[PDB]
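As they're listed, the protein sequences go chains A and B.
Heads up, the first sequence is in this note's numbering, so the first residue is 8 and it goes up one at a time.
Heads up, the second sequence is in this note's numbering, so the first residue is 94 and it goes up one at a time.
Think of the CB as a built atom: it goes at the ideal place given N, C-alpha and C, for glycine as much as any other residue.
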Amino acid sequence: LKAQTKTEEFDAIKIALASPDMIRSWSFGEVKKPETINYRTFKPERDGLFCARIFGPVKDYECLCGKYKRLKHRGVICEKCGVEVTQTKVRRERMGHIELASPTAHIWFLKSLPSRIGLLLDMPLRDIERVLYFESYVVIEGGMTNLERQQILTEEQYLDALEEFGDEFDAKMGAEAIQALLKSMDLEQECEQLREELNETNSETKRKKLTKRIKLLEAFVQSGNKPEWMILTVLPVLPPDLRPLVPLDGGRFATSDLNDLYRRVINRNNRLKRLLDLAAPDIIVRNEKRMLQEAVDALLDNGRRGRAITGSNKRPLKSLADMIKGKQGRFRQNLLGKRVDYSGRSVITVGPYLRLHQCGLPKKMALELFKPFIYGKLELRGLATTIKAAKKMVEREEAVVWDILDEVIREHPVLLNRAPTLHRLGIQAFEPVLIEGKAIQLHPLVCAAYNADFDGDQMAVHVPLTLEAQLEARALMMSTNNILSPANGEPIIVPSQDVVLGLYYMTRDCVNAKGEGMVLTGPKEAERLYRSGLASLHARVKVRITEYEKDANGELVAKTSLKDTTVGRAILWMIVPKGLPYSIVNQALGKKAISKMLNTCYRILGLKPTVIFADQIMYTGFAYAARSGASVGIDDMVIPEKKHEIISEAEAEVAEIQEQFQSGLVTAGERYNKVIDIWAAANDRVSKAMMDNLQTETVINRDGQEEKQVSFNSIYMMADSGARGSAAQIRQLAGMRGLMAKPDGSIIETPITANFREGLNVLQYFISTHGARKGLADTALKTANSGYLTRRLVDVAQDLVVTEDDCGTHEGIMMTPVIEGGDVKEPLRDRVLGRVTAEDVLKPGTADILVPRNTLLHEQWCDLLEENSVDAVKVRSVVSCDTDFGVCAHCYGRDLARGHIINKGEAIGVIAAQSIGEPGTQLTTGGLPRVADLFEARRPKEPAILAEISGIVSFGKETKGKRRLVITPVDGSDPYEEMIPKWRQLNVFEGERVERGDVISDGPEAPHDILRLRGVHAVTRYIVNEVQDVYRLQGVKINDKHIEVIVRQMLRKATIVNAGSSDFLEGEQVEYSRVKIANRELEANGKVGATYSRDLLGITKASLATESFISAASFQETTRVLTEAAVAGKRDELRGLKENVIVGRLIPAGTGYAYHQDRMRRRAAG
Amino acid sequence: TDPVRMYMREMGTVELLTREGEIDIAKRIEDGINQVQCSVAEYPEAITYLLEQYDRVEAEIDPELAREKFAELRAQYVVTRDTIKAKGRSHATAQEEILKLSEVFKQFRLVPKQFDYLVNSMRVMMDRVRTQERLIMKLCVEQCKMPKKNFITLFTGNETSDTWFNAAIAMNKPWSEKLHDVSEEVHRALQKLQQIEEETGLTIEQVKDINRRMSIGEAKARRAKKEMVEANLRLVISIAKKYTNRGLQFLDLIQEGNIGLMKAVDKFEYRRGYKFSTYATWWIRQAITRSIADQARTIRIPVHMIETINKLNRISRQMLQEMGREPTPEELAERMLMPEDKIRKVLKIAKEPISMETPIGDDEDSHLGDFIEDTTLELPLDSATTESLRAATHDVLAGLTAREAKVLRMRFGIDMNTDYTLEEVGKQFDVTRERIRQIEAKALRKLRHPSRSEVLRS
Ligand SMILES: CCCC/C(C)=C/C=C(\C)C(=O)c1c(O)cc([C@H](C)CC/C=C/NC(=O)OC)oc1=O
Ligand SMILES: [Mg+2]
Ligand SMILES: [Zn+2]
Ligand SMILES: [Zn+2]
């Protein structure tokens, strides 16, 4: 039964140090000349940094001398010119090597911060260099003599001390030393010593340093690597066709910088190699070596010294180092992110004949896009002899092909994506409708997801090729399945703006209208009553109608009624489907309510019949708009009748407060602060002036006297509807327009009292600038900042899939409605819908299991919950989820844009990360960074302290800059005494027992504590309840899960407290423990032990702890990761997401979930 | 901190000189020559080798004159061989013609190449001696458990014969009896040793000393010159401070300089009142300039090419002000020995030329080479068709006589390997040649119906 040898579905990646022999396993040869190409006959001279003799033929299947040019003589090597003939593709694969005159030192490990060559020698930085540039000799194995090994002498000393001990000690200088040094040390050794001293001395700086040192070490041993290797003797050179030497037009040339850089090492080396044979004076060759080690590090990570310039050009050259892709951090940096075939884009417009599952793509793009499918399909039906020609037909745009193409298209969706791809919806699959124009046409309803208007936004398109994709495209990405924001249960495919004006319009009622009070059979005769010119839309009318209600056993029950409604609202009811209450359209309908109508149709008749509703909800919503002829002309913007009146009234107050100020009844900061209120009040009144008047003054009259009703002025109906406007903005059209604050931040004690319908005067405008400018500026930034944020989250969620089914723990968190002092800042129902419980729920009274253990709370359930007065709930949430290395479905909850519980595999991490960082843009200590404060885990400036331990308190010693405070346990050993700076105000009661985690100073508190002290179900509520005050404040609906799930990553680490097998103090993944304690619990031995303590880790600091090193080395400092990762010879067993993408295999979630699983079992399988 | 200062500061140990320590050395050098010259003047096989090649270069600069001195030399040897073997004047006065001969050896120079050979040849031959010698000790001292105290007293006498071997076994000491287990080995090493006494034609005993006095003589001078150069670090810089930034970075020219320096010290002769420096300058300006031009641009380039350039570069800047405008290659070549395109061909290989990793816009910080399209690779719809070609064609050959098909396909490698000569295609099939030709043409006659391939054409 064979292993293998050849090539195979490998997995996982090993990185490590590089044996010289091993390196030589790589080179097809030693570059040894600094030449390039010929100079006249632009051939490549062998053998030198481009060659063929080594790297490969230039031209597919062709020897260099050229004796052998046939697709015949392949693996042959020209007798003359060291060339196997093969494709030229090798000279982009093959590598080289060079032998060095002097062993020479690897700049990554010598400086990539904690210098491996450093701490491994436990020998300081400054010296080694000192040894290297030949400043001073260093001891090595001095043996029983007079001196330590890693000790160092000056020349003279070395000489003095040479004369005393002839041999029997060793001292060198120059690379070889360190080379000498490493080869020679034995690790295994120090450790056991290091091991003891760890045990011999008990001190925190120490075991911090010590045990932390050792932990690095035996890692190295565990690697495989050899520290003699951190030094270079042979150097691999990257293949030529990647540091190419292309010709340009006008036959100037261009190449990558490595070639300069290369040419430098080669040069020095040789001349040096040369020098030896001249037996040149060691004063020079010393210098030479010193130069070589320059050229090298020039090569490798230019920037860690004097920074070799670019030749020719001022500017600095490009070191391998610099050419690492991903590269990033810290931080940035986007990744554009490869370009791509089958793709394109343009300007986009409306298209409202579009049924939500489609979009209008222009004949012309659609042509060039699907070109091959066309080439094939053409010759299949055999309208074309052969493709060559098939091309010519489409080249010719023959009429036939247009018809054809239609065929290729039929059920063939394409991808449509817009500007900054935020949440997964930034890409949505449509079926395409062929179209003239070079515009893309958009389904309006969708606009609102992408965020696209039509003032020039361009959306770009893609093609799903694979059979697969066409399903992926159709099942998941297809327009329709995305209509519940995965951010937050509500529909996202709500009635936008143009429309709800129409709807709102219809579902309205004028006091005394063309038909006030008749009665019609049903809407059928209702509309007929209209297009006939007989009724007004909104003339009140009773009508016969039927709603249905599927109240009974899954079953649809009908019901007729003489509902007392309007004509419009009648006519709408035509659109509504079955199991909906007429009650739903009875009223006026805001966009506020009308999305809510939509959700409901979905949570009761579900997808399809929610959808086709929504198109029809639109199609209509436009039509009565256009019919209504709403439009705005100056006359609509009513400046309240009494505006100017008050102004002068409050204009009074001020001359008053002035009088008093100069009479110094009252002060300046006083006065100011006084005045500015009254201006404030006025604006509230000149606000609520018009709004009181604008609102309703529609005073009209039926049969009798006068009645007044909610107006029909064109603009009210805008804001009233939710189409557009904000009474905040109105107030700027009619009444006074706010107050401007000058740049200071310091608001100006004289509001912009005029408005838009009136002139603005110079000065009015002017102050008005700075503002709108600052604003623009803000947005420009908040958006730069929103981003870098998300980049971090997804950086850290991500590798997180809904893996386990139901972890099966009873452990959950406790939900209360939010109640911020006054009124409930947010209901308990919103919080809890969609979660799955810990334990069965009892009524008010008891023995009454309402809901049983873990149930997924639907709407009904809730409604049941709300009927019973029910009021707080323990719930399953992913910080609870016992499942390790994933997230049980049950611990989670339900959401999707689809309604039912999460399905295994979905990538909830990302889709968490998304729904946060996305709306972040619109944020306003506080606001955005105040957010980063949550997740970054930053202590505030001045943090409270709390009852460290429960137990009675007492103050000991005195004021010595800090008062030691000694808590005293009723039972336990009392000794807790903390040293506190008393130059801040206390709170605690002085002879009082203090429940650990009480307020012992007041002011902000630092989460790590709350965690540590108060608890997880505690902290975990802090992070959210407080992230939540921000978004909530901003009308921004994000559901808690997501945050929790971030939080979860925050606390991936934990600190042990005892042992048996781990290493006593260490900081480790609650993961690996949760597994390892298990492996002792009934497993091997109790041994013992171990216990831990959970740690709060800042997101960013969380991320950079990825089992996957590829993953992580994309987020932070890179140069580091590799450097530090290659030394402990890590392996990356894949599994994570990105890493699989980089190396471009298949995603282990999504679809690819179903697949990977199928393999991981075969790994460790027999 | 920074390589350059180190070199400087390193050089800081001034160690300046006057005329005195100047010449004072030059002899110290020269001694080590003779001392070694003399040292080597001593070697029979150094000279008997001199004979063998002489016979090889003469069996294949005035030849007859060369034929003459070889006689004086050739004469003076054979006599001396008898002042040994005939043992007249027991290496006292027979010693003297041995000396006369060596004198003959001590005059005139040669070719440094055969030299380092002999130098080597001696010492490699010296190797085999301590080669065979390193054998006997591990086999008697460490092997026979025999003390090294007793090994140097008796072996040292001869170091070739077996006088100590069979005299350390009869001493009836406790370490003696062990010497037997190596009797096949000791016999074999003393053999090759005396053999060297035969190959060398000199006692292994006396052959060390001479080789050494070279070796030291070696040091004396080695040591010496080293000193000389260190004197003039400062020289090099000055001048090398000239050639700077010329498509070559500092330390480089200067290293090279200290080569050009270090060279000069060799070819010199202090017996020349010409003062040492200005003899350096040349040999320094030598390497550092000739250094530059051949290794400085990313494409090499011949010299004259360099010069023929700067001829232009200078002229054009000379030309410019003449015609305070602008110089056109016709004009420029005019002012020239030069043809013209020959010039134009010249222009193009200047320019160093630009780095692909140059920045261009910042449309998304682009890079140059982010834009160089490939030209090798084949288009997909371009490759695909090809695929249609083999097929649709293979689609056709089947419609023909299975005998003709294999006759075309042979002519065109198709589905096969090398394209078969439209002759030798016969020869394989016999019925040559013309015979087959007709068959060929029969194919082509079918293109009544090639609406397939016809179209795969354009
Ligand atoms: C050497 C150490 C770093 C390794 C990397 C990052 C190497 C990157 C190369 C070689 C690319 O050129 C490249 C790619 O290979 C792939 C991509 C895609 C845009 C993937 C980016 C997002 C990944 N996924 C993620 O975040 O989880 C959701 O964009 C690139 O620029
Ligand atoms: Mg826009
Ligand atoms: Zn060849
Ligand atoms: Zn769970």
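Exercise for the section: Confirm, please, whether the CB-CB distance from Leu1104 (chain A) to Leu1058 (chain A) is below 8 Å. Expected result: The answer is yes: Cβ separation under 8 Å.
Exercise for the section: Using 10 angstroms around the beta-carbon of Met986 (chain A), count the other beta-carbons present and answer buried if the total reaches 16, otherwise exposed. Expected result: Under this definition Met986 (chain A) is an exposed residue.
Exercise for the section: Measure from the alpha carbon of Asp54 (chain A) to the alpha carbon of each residue in A:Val90, A:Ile22, A:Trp33 and A:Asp174, then state which is nearest. Expected result: A check of alpha carbon separations from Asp54 (chain A) across A:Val90, A:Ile22, A:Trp33 and A:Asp174 identifies A:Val90 as the nearest.
Practice task
Output yes if chain B places a C-beta closer than 8 Å to the C-beta of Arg798 (chain A); else output no.
Solution key: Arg798 (chain A) has a beta carbon lying at 8 Å or more from every beta carbon in chain B.
Problem - Residue burial classification, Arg901 (chain A) (beta-carbon count within 10 angstroms, cutoff 16) - result: Buried.
Practice task
Grab the span of the alpha helix (DSSP H) containing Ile442 (chain B) for me, first residue to last.
Solution key: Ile442 (chain B) -> alpha helix (DSSP H) spans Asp434 to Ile442.
Practice task
Enumerate, from N- to C-terminal direction, the unbroken beta strand (DSSP E) stretches of 3 or more residues contained entirely within the stretch 433-520 of chain A.
Solution key: Taking 3 residues as the shortest admissible run, the stretch 433-520 of chain A contains the following complete beta strand (DSSP E) segments, listed from N- to C-terminal end: 434-442 and 465-469.
Exercise for the section: Could you name the residues of chain A that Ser481 (chain B) contacts, counting a contact when the two beta carbons are closer than 8 Å? Expected result: Within chain A, the residues near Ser481 (chain B) are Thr393, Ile394 and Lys395.
Handout entry: Rounded C-alpha distance that separates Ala168 (chain A) from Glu142 (chain A)
Key = Approximately 17 Å between the Cα atoms of the pair.
Exercise for the section: Check the Cβ-Cβ distances between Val322 (chain B) and every residue of chain A, and say whether any is below 8 Å. Expected result: At least one chain A Cβ lies under 8 Å of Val322 (chain B).
Practice task
Mind listing, in chain order, the continuous alpha helix (DSSP H) runs of no fewer than 4 residues lying wholly within the stretch 420-487 of chain B?
Solution key: Restricted to the stretch 420-487 of chain B, the alpha helix (DSSP H) segments that are unbroken, complete and at least 4 residues in length are 422-427 and 434-442, listed in chain order.
Handout entry: Cutoff 8 Å: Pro432 (chain B) Cβ touching any chain A Cβ
Key = Chain A contact via Cβ: absent.
Problem - Inter-residue spacing [alpha-carbon to alpha-carbon] between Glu443 (chain A) and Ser353 (chain A) - result: When rounded, the distance between both Cα atoms is 13 Å.
Problem - Residue-level contact to chain B via CB, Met180 (chain A), 8 Å cutoff - result: Nearest CB-CB separation between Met180 (chain A) and chain B: not below the 8 Å threshold.
Problem - Distance CB(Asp806 (chain A))-CB(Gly933 (chain A)) smaller than 8 Å - result: Result no, Cβ atoms of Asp806 (chain A) and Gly933 (chain A) do not sit closer than 8 Å.
Practice task
Kindly indicate the opening and closing residues of the alpha helix (DSSP H) around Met215 (chain B).
Solution key: Per DSSP, the unbroken alpha helix (DSSP H) holding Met215 (chain B) starts and ends at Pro205 to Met230.
Handout entry: Three-pair Cβ contact test at 8 Å for the stretch 598-618 of chain A versus the stretch 678-688 of chain A
Key = Cβ pair count under 8 Å is below three, so no.
Practice task
List the whole-angstrom C-beta distance separating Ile1050 (chain A) from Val1037 (chain A), where the pair is believed to meet the contact cut-off of C-beta under 8 Å.
Solution key: The beta carbons of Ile1050 (chain A) and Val1037 (chain A) sit about 11 Å from each other, so the pair does not count as a contact at 8 Å.
Problem - Contact the stretch 8-18 of chain A vs the stretch 228-243 of chain A: 3+ CB pairs below 8 Å - result: Taking 8 Å as the limit for Cβ pairs, the verdict is that the stretch 228-243 of chain A does not touch the stretch 8-18 of chain A.
Practice task
With a 10 Å radius around its C-beta and 16 neighbouring C-beta atoms as the bar for buried, classify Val706 (chain A) as buried or exposed.
Solution key: With fewer than 16 Cβ atoms within 10 Å of its Cβ, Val706 (chain A) is classed as exposed.
Handout entry: Contact with chain B by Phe62 (chain A), beta-carbon distance below 8 Å
Key = Answer no: the Cβ-Cβ gap between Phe62 (chain A) and chain B never drops below 8 Å.
Exercise for the section: Run the CB neighbour count on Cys72 (chain A), radius 10 Å, all protein chains shown included, and call it buried at 16 or more, exposed below. Expected result: Exposed.
Practice task
Using a Cβ-Cβ cut-off of 8 Å, state whether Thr93 (chain A) counts as contacting chain B.
Solution key: Closer than 8 Å: no.
Practice task
For the beta strand (DSSP E) containing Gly575 (chain A), list its first residue and its last residue.
Solution key: Counting along the chain, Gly575 (chain A) falls outside any beta strand (DSSP E), though it belongs to the alpha helix (DSSP H) covering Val574 to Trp580.
Practice task
Counting only runs of 3+ residues fully inside the stretch 977-1055 of chain A, write out the beta strand (DSSP E) ranges in chain order.
Solution key: Contiguous beta strand (DSSP E) elements confined to the stretch 977-1055 of chain A occur at 984-987, taking only those with 3 or more residues.
Exercise for the section: Determine the direct distance from the alpha carbon of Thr617 (chain A) to that of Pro926 (chain A), and round the result to whole angstroms. Expected result: Answer to the nearest angstrom: the Cα atoms are 26 Å apart.
Handout entry: One or two residues paired with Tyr144 (chain A) in a DSSP bridge
Key = Residue pairing by DSSP puts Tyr144 (chain A) in a beta bridge opposite A:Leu160.
Handout entry: C-beta neighbour in chain A for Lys206 (chain B), strict 8 Å
Key = The beta carbon of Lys206 (chain B) does not come within 8 Å of any beta carbon belonging to chain A, so the residue lies off that interface.
Practice task
Answer yes or no: do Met29 (chain A) and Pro246 (chain A) have a C-beta to C-beta separation smaller than 8 Å?
Solution key: It is not a contact, given that the beta carbons lie outside the stated cut-off.
Problem - As assigned by DSSP and simplified to three states, the class of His104 (chain A) - result: DSSP places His104 (chain A) in the strand class (E or B) of the three-state scheme.
Practice task
Just mark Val1064 (chain A) as buried or exposed, buried being the case when its beta carbon has 16 or more other beta carbons within 10 Å.
Solution key: With a threshold of 16 other beta carbon atoms within 10 Å, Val1064 (chain A) falls short and is exposed.
Practice task
Taking only beta-carbon positions, decide if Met99 (chain B) is within less than 8 Å of chain A.
Solution key: Interface flag for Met99 (chain B) against chain A is set, since a Cβ pair is found closer than 8 Å.
Handout entry: Bridge-paired residues (DSSP) for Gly1074 (chain A)
Key = Answer is A:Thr1062.
Practice task
Flag this pair as yes or no: are the beta carbons of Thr1126 (chain A) and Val548 (chain B) separated by less than 8 Å?
Solution key: No. Outside cutoff.
Handout entry: Those residues which DSSP pairs with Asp571 (chain A) across a bridge
Key = Beta-bridge annotation (DSSP): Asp571 (chain A) is paired with A:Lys549.
Exercise for the section: Could I get the ranges of all uninterrupted alpha helix (DSSP H) runs contained in the stretch 716-751 of chain A, with 4 residues as the minimum, in chain order? Expected result: Runs of the alpha helix (DSSP H) lying entirely within the stretch 716-751 of chain A and spanning at least 4 residues, in chain order: 723-728 and 734-737.
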